[PDB]
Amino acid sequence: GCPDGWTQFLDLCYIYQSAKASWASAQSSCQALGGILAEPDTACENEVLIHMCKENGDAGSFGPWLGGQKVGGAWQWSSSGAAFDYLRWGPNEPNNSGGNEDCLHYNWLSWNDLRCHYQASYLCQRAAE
């Protein structure tokens, strides 16, 4: 079971929220919905979020926040501290442009590193009931 207006995949529920929110603000928003920024650590979870991005007309540059973060030099999922294993970086990413690209988001439907105060839409996940 997933809540109404959310998209189901295996044991997860996702939702796209149109916003102009920093990564931190987006996290706070997902937490109020009982969830977290989406952490697509499998190829198929990414395909589902990508489909949602296309559905919401957010398939180009400065696509939505995801829950990956760069702590020091290490790319990891926020909720778990897990180092990225499966990767979905876009071509020539990550590139750390301007030196402060410490948050994960979709850029042209691929992962990119972006400055965390950039204002974007966001994707949340929660456990299915």
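Note that residue numbering follows the sequence shown and begins at 1.
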Once average C-alpha B-factors are taken from the entry for 94-102 and 25-33, the winner is 94-102
Once average C-alpha B-factors are taken from the entry for 120-128 and 1-9, the winner is 1-9
Residue set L114, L109, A19, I15, per-entry CA B-factor max assigned to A19
Per the deposited entry, the peak Cα B-factor within the set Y86, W65, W77, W89 goes to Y86
The third of the chain into which the C-alpha temperature factor of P40 falls is the lowest
In terms of its chain's C-alpha B-factors, the third that includes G73 is the highest
